[PDB]
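Encoded as structure tokens, the following chain is the form deposited in one PDB entry, with no partner shown.
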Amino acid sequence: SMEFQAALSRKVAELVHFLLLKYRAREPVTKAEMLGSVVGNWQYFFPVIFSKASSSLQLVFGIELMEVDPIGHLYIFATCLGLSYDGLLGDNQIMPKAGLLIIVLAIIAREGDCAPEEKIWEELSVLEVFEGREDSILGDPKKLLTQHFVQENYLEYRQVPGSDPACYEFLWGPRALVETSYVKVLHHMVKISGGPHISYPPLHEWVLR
């Protein structure tokens, strides 16, 4: 079962990267093509493989998979929230970055008008994408990543006013305010997490014996 779940997980990863190649090539893709990429008895599990792969694209890569033909089941791709950026570079196999960008925007959005950089590092250091390589000579990968977002004008970075010694904070840049909004981003994070997950308290926490 644990061995089965892992094997199932592997089939998800394969569909994700099948779809990523289509995304890069800007090729529309049918459900029949996706099902065709899944081999053998695993086709029986295509519904969960598809929905898991589809969720991965949104959450991890910031990529939306949209059906434009409900009869022939033809899908196209779009960047989440309609952003004009995915952080790619030619055909180099580097990771699409819009999902990570949206996560940073969201962290800031929950904190108000701006967030101390320490909160950003704290929240980002949890993501397994950085695979514990913060001791890189070139510099902490997660910090160099946020520099992309600043230089693309999705983020601004400044000294906290009146701070001594200097502290620094992130805020939304002009490009983020144009292409989306606070509400849209926080709504998006809810949507792609599978709605709100309400842990209802047990009876003995609100009923007296």
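Only residues modelled in both forms are compared. Residues carry their position along the shown sequence, with the first being 1. Heads up, when I say rigid core I mean the largest set of C-alphas that superpose within 1.5 Å between the two forms.
On average the C-alpha atoms of 104-112 have higher B-factors than those of the other stretch, with 83-91 and 104-112 being the two compared.
On average the C-alpha atoms of 162-170 have higher B-factors than those of the other stretch, with 162-170 and 52-60 being the two compared. Which of 76, 124, 98, 71 has the largest Cα B-factor in the deposited entry comes down to 71. When the modelled residues of the chain are ordered by their C-alpha B factor, residue 46 lands in the middle third. Annotation for residue 141: C-alpha temperature factor in the lowest third relative to the rest of the modelled chain, per the entry.
Split the chain's modelled residues into thirds by C-alpha temperature factor. Residue 151 is in the lowest one.
In this PDB entry, the Cα temperature factor of residue 197 sits in the top third of its chain's modelled residues, the highest group.
Another form, the form deposited in another entry, is not on view; read the next lines as being about it.
Annotation: residue 125/residue 196 CA-CA distance shorter in the other entry than in the displayed model, change of at least 3 Å. Whereas the shown form places them at one spacing, the Cα atoms of residue 197 and residue 11 lie at least 3 Å farther apart in the other entry.
Once the two forms are aligned on their core, only one segment of at least three consecutive shared residues with Cα displacements of 2 Å or more between this form and the one not shown appears, at 194-209.
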